[PDB]
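Shown here is one chain on its own, the form deposited in one PDB entry, set out as C-alpha cells.
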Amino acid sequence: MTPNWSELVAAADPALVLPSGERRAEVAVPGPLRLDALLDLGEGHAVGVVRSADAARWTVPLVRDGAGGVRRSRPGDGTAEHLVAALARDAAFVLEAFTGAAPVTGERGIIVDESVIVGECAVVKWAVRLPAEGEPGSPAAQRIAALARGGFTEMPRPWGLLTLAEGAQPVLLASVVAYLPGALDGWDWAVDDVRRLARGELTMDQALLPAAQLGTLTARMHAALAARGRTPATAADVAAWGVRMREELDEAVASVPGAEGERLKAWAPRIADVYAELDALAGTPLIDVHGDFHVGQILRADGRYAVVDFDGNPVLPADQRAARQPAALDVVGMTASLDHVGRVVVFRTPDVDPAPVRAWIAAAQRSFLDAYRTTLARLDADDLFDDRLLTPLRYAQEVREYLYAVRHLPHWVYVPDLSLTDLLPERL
C-alpha cells in the first residue's frame, strides 16, 4: 500500500521544506524530516507541519507526485486551490472560514516578501518557518480574526485562516484574503496626494481628508482588537520601555554623522527627559495592536482603504511580536509616517513650495488625531487611547528613522532631523 504521509515525509529529501527548493548541499536542511501534523486536503493535497533534524519547524504545502512520491506544492499544482475549497466546504488544526470564501480555482504565483493567487480573486499566503512548539509567532491570524469578528472591513476581506492549535495563540499556517489587483500602498498614494497639493491640483481640505480617514480607520481597528481584552502595563513594562528607548537614542547619537548628528546630540538630553516620565505611566492599557503601522501598510483604491501586514514589529524578537502594546504606538506610527510623507515630497520634488506641505504636515496630524478620537468616542472605546504616550513614543519613532538611515540609507537622516525640528518645543 502507498505509505502514509508520515513515511513519505520521513523518506523525502530534506529540501522538501524549502519554497525555493534544494540549496547547496554544503548547507542543506538536515534530515531526516519528521511529520508532526498533517491536514489532508483531498486528492493528494495536504498541509504538513514538518520538523527538520535541527528541530526547526516548517509549514509545507504538500502534493503526492508519482515521480518522486511527495514534493512541495508549486503554483498550479492546486494545493492552494484545495485549501480554499476546504474553507468554503484533524484536532491539531483550526480551519476558520469567513463569509465570502468560495471554492475558486486556478493558481498563479506572485513574489512578495509564499503567496499564491487563486481564482484571480483571492491570495493564499503560506507560513514557511514556524516558531518552536508552544512559543509565540506571528499574531496575524489573531489580528485578522479579531477584526473580522468585530465588523472591521477596511482590510482585504478575509476568506479563511488555517492555524495549529497550540501555545498561547494558535500558530498561523496559512491565510486567505481578497486579492486587490489595482491597489497601491501609501508610500505611493499619500506621496502623490501631497505632491498634488503642492502643485495646487488639490486643496488643503482635499489633501487632508485621507489623514482623517486614516484616523477613523485606526480607531475602528483598535476598537475591534480591544474586544479581545486589555492588559495594564506594569512598572517593569514601562521601565523596560525607557531602557530600550534610551539605548536606541544612545546608538543614534553615536552613529549619526554630520550636522544632523550634532543637532541630535544637542536634542538627546530633552528626548531622554521625556523618556523619564514613562515611569508614571504604569497601568496604561495594552491591547492587541497592528504593531508596524504606517502609510506603507495602507492600500487605497477607488476611495477604499485597506490595512495589511499584521505580523508585528520586525525589529522586536520574533517571540515578542504577538505581545500587547499601547494603542498609542499605532497612533504615533501613523502620525510619524504622515509627517515623513511630507518630508519626502519636499525632498524629492523639484520646484516644490514647502510652505503648503509643512502646513499639511501639522494639519494632517491634527486631522488624524481628531478623527481617531471622535471615532473612538462614537464606538465607546475612548479609554484604550492614553495620549500621555504621544510625545515619548513619537520621539522614539523618529529615533528609529536615524537607525534605519545609518544602517540602510544614510541620507534618510533628513527625515527625523526635519520632523524633530518641527516637533521639539521651539523654546529650546
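The first residue of the sequence shown is number 1, and the count goes up from there. Between two forms, the rigid core is defined as the largest C-alpha subset superposing within 1.5 Å.
According to the entry, the deposited sequence has 4 to 9 residues without coordinates between residue 89 and residue 90. According to the record, no deposited residue between residue 205 and residue 206 is left without atomic coordinates. Averaged over their C-alpha atoms, the temperature factors of 126-134 and 334-342 are higher for 126-134. Between the stretches 90-98 and 155-163, it is 90-98 that shows the larger average CA temperature factor.
Each of 315, 328, 147, 84 has a CA temperature factor in the record; the biggest one is found at 315. Comparing C-alpha B-factors across 267, 347, 189, 310 in the deposited entry, the largest value falls on 267. The PDB entry assigns residue 40 a C-alpha temperature factor belonging to the middle third of its chain's modelled residues. In this PDB entry, residue 115 carries a Cα temperature factor that places it within the middle third of its chain's modelled residues. When the modelled residues of the chain are ordered by C-alpha B-factor, residue 371 sits in the lowest third. Residue 182 sits in the highest third of its chain by CA B factor, as recorded in the PDB entry. Remark: residue 298 belongs to the lowest third of its chain, ranked by C-alpha B-factor as recorded.
Although it is not shown, the form deposited in another entry is what the next lines describe.
Only one candidate in 148, 264, 191, 307 has its Cα displaced by 2 Å or more between the shown form and the other one after core superposition: 264. After superposing the rigid core, the C-alpha of residue 320 moves by less than 2 Å between the shown form and the other one. For residue 252, a C-alpha deviation of 2 angstroms or more is recorded between the shown form and the other one after rigid-core alignment.
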